[PDB]
Amino acid sequence: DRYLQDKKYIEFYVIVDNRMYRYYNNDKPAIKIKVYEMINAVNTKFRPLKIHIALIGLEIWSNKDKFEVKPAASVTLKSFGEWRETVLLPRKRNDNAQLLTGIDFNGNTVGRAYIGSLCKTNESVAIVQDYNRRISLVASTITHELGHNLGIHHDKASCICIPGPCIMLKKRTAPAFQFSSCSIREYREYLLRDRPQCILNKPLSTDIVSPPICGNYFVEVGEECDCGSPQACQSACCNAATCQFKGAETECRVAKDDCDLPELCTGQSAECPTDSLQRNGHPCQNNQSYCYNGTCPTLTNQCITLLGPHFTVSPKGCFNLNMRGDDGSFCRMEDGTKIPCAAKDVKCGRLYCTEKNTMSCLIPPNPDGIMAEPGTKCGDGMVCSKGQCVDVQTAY
Ligand SMILES: *[C@@H]1O[C@H](CO[C@@H]2O[C@@H](C)[C@@H](O)[C@@H](O)[C@@H]2O)[C@@H](O[C@@H]2O[C@H](CO)[C@@H](O)[C@H](O)[C@H]2NC(C)=O)[C@H](O)[C@H]1NC(C)=O
Ligand SMILES: *[C@@H]1O[C@H](CO[C@H]2O[C@@H](C)[C@@H](O)[C@@H](O)[C@@H]2O)[C@@H](O[C@@H]2O[C@H](CO)[C@@H](O)[C@H](O)[C@H]2NC(C)=O)[C@H](O)[C@H]1NC(C)=O
Ligand SMILES: [Ca+2]
Ligand SMILES: [Ca+2]
Ligand SMILES: [Ca+2]
Ligand SMILES: [Zn+2]
């Protein structure tokens with residue numbers, strides 16, 4: 001079962017601590033645009049994992065911190081977890097929170113996270129130092145720490161990735177863009193074993209506090225559809241560049257033949273409508289079929305497929321042999337044992353073929369052998385069904 005398979009979503013809450021606010025020269029606007037750009041970069045790295053980070057809360061501690069932030073990363077992480085559980089969570093629902101801090105952590109530590117703790121009330125939390133002007137680098141630490149919360153440990157010496165480092169390398173000095181196959185595996189297992197429920201619901205576009213981003217695969221305020229870039233877009237009825245529905249004149253799947261219906265964009269959805277077919281019983285090929293499962297079965301075409309372009313259905317009188325019910329000329333019951341045909345049913349029994357314009361009765365040699373296919377027209381307003389010649393409207 002899946003999971004696994006389904007697009008997942010994290011209702012993500014961010015705190016910018018008072019040290020970071022000071023380090024940003026008290027500039028809220030500059031702080032917010034930085035966090036927006038980092039979150040979008042985190043979503044780009046998480047995309048192959050089918051997990052989208054939806055920003056639904058941002059606090060900037062412009063006056064004072066709400067709990068004590070301390071340079072021992074493990075002590076802050078445990079304090080943040082507790083604050084999240086005891087203070088935030090009763091008032092603001094969220095799957096996971098990160099603290100972005102301007103404190104300088106002990107040693108060369110740049111963040112810390114609990115492992116595989118999505119949805120836990122005390123542990124779904126990570127801390128991250130804003131330790132470089134380059135979001136390319138802080139955003140990788142943000143993705144790496146969240147990587148830890150989603151059950152992934154550090155890459156062992158033998159993972160993977162080309163070119164730049166893997167996101168879960170314990171130590172990087174360049175931006176990281178992809179997870180190792182080993183990270184990908186461990187996450188897939190995390191999900192199977194812990195089955196974190198809270199990452200299954202899709203958040204409302206109106207609860208996202210980050211500005212809309214056209215091309216992030218999540219439909220936000222002022223967007224109708226979002227399928228990524230014009231070149232990646234697999235949605236036939238979305239104009240990727242503008243995140244807008246294509247118009248309803250736009251054909252998206254032409255009728256392949258006459259037992260087919262064309263699809264057009266609806267004008268108010270992103271995907272090409274599923275492939276509807278012409279209705280069963282519908283006349284086709286110049287009044288020669290019925291339609292059946294989007295196909296037009298005919299005795300002549302069955303002769304042609306069996307024996308080739310030089311043949312057609314035999315003249316009508318040949319089919320009367322089938323009233324014999326002997327070893328060559330017969331009908332079959334639904335189960336389907338050999339029976340003589342009733343007179344009305346003869347064209348639904350053994351098939352007879354002839355060379356074009358020649359009046360013979362021949363039988364394509366066949367161990368079974370061959371009878372009219374289901375829905376084959378056997379007379380006007382009639383088609384073969386369970387070895388019998390019957391009316392539309394059964395239909396079907
Ligand atoms: C945070 O989460 C759980 C604590 O949940 C506890 O579950 C009960 C056992 C009970 O004692 C509750 O009051 C607690 O809140 C800790 O992980 C463990 O969870 C399982 C399942 O309940 C249990 O078998 C373990 O013994 C729990 N650990 C304990 C009680 O020592 C987890 O370690 C906690 N981490 C922090 C930092 O609080
Ligand atoms: C013609 O189709 C029907 C089922 O209707 C559609 O849906 C798909 C499952 C597929 O078969 C497609 O070609 C078709 O347009 C088949 O009839 C049976 O009906 C049930 C329920 O309606 C289906 O779930 C079954 O797959 C099928 N039963 C069995 C055991 O045969 C039908 O088989 C098919 N035409 C033939 C005879 O090949
Ligand atoms: Ca959720
Ligand atoms: Ca979007
Ligand atoms: Ca169609
Ligand atoms: Zn790590």
Side-chain angles (χ1 to χ4, degrees), residues 3 6-14 36-44 46-47 49-57 67-68 70 72-99 112-127 145-146 148-151 190-191 193-235 237-245 269-271:
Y3 289 80
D6 282 5
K7 194 171 176 168
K8 277 142 338 242
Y9 305 92
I10 307 76
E11 294 173 282
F12 191 65
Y13 197 104
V14 174
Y36 305 148
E37 290 282 7
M38 286 194 302
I39 294 301
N40 192 49
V42 175
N43 278 141
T44 299
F46 273 110
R47 197 156 287 126
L49 305 231
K50 295 208 138 267
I51 208 162
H52 170 90
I53 309 221
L55 182 75
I56 56 153
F67 61 88
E68 270 222 322
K70 299 193 170 203
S74 59
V75 173
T76 304
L77 174 75
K78 171 166 178 295
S79 269
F80 182 39
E82 291 182 4
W83 187 79
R84 171 172 175 269
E85 174 184 303
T86 294
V87 178
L88 175 58
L89 224 29
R91 311 184 63 263
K92 312 251 179 271
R93 298 184 295 113
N94 60 276
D95 303 322
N96 185 86
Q98 281 189 187
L99 170 89
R112 206 192 182 65
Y114 293 101
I115 287 164
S117 55
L118 235 307
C119 309
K120 306 183 175 189
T121 51
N122 62 359
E123 294 192 12
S124 199
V125 108
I127 80 174
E145 287 326 308
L146 199 18
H148 282 313
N149 279 333
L150 297 160
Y190 163 63
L191 293 181
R193 175 197 147 250
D194 291 359
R195 276 180 330 210
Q197 314 286 319
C198 84
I199 56 159
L200 279 294
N201 75 120
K202 193 214 267 176
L204 281 311
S205 68
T206 47
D207 297 333
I208 299 158
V209 300
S210 60
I213 293 168
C214 176
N216 78 167
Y217 288 89
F218 193 83
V219 166
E220 283 144 332
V221 176
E223 289 175 358
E224 282 173 351
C225 53
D226 191 324
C227 56
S229 67
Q231 27 280 153
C233 173
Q234 313 283 69
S235 279
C237 290
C238 187
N239 182 238
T242 58
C243 279
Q244 270 180 140
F245 295 141
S269 185
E271 312 296 322

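Reckoned from all heavy atoms, side chains included, excluding hydrogens, waters and symmetry mates. Whatever order the structure lists them in is the order used to number ligands and atoms, beginning at 1. For the single chain, residues carry numbers from 1 onward in sequence order.
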Rounded distance [0.5 Å steps], CZ in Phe46 versus CG in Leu146: 4.5 Å

Atom 4 (C) of ligand 1 within contact range, any protein heavy atom under 4.0 Å: yes

Disulfide bond (SG atoms under 2.5 Å apart) evaluation trace for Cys238 with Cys243: CA-CA 7 Å; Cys238 187; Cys243 279; 5.6 Å; no

Parallel, tilted or perpendicular: ring planes of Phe218 versus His52, cut at 30 and 60 degrees: parallel

Taking atom 17 (O) of ligand 1 as the reference point, the nearest protein heavy atom with its distance: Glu123 OE2, 5.0 Å

Within-cutoff protein neighbour (heavy atom, under 4.0 Å) for atom 32 (C) of ligand 1: yes

Closer than 4.0 Å: a protein non-hydrogen atom to atom 7 (O) of ligand 1: no

Presence of N, O or S from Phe218 under 3.0 Å of the Ca ion (ligand 4): yes

Opening angle between OE1 in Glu11 and OD1 in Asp95, taken at the Ca ion (ligand 3), to 10 degrees: 110°

Among the N, O or S atoms of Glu220, the one nearest the Ca ion (ligand 4): OE1

Donor-acceptor pair, side chain of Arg84 and main chain of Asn94, under 3.5 angstrom: yes

Side chains of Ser205 and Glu220, donor plus acceptor under 3.5 Å: no

Short N or O distance, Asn122 and ligand 1, threshold 3.5 Å exclusive: yes

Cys225/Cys237 sulfur gamma separation below 2.5 Å: no

N, O or S of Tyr9 under 3.0 Å from the Ca ion (ligand 3): no

Note, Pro196 side chain near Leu191 side chain (heavy atom, < 4.5 Å): yes

Contact check, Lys120 vs ligand 1, heavy-atom distance below 4.0 Å: no

Side chain proximity check, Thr76 to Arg112, heavy atoms < 4.5 angstrom: no

Metal check, the Ca ion (ligand 4) vs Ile213 N/O/S, cut-off below 3.0 Å: yes

Heavy-atom side-chain proximity of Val125 to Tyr13 below 4.5 angstrom: no

Verify atom 10 (C) of ligand 1: protein non-hydrogen atom under 4.0 angstrom away: no

The Ca ion (ligand 4) - name of the N/O/S atom of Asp226 that sits closest to it: OD2

Non-hydrogen protein atom less than 4.0 angstrom from atom 36 (C) of ligand 1: yes

Side chain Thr121, main chain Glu85, donor-acceptor under 3.5 Å: no

Presence of N, O or S from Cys119 under 3.0 Å of the Ca ion (ligand 3): no

N/O/S atom of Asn216 inside 3.0 Å of the Ca ion (ligand 4), strictly under: yes

Donor-acceptor side-chain pairing of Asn149 and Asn96 below 3.5 angstrom: yes

Under-4.0 Å protein heavy-atom contact, atom 25 (C) of ligand 1: no

Contact bool for atom 29 (C) of ligand 1 (protein heavy atom, d < 4.0 Å): no

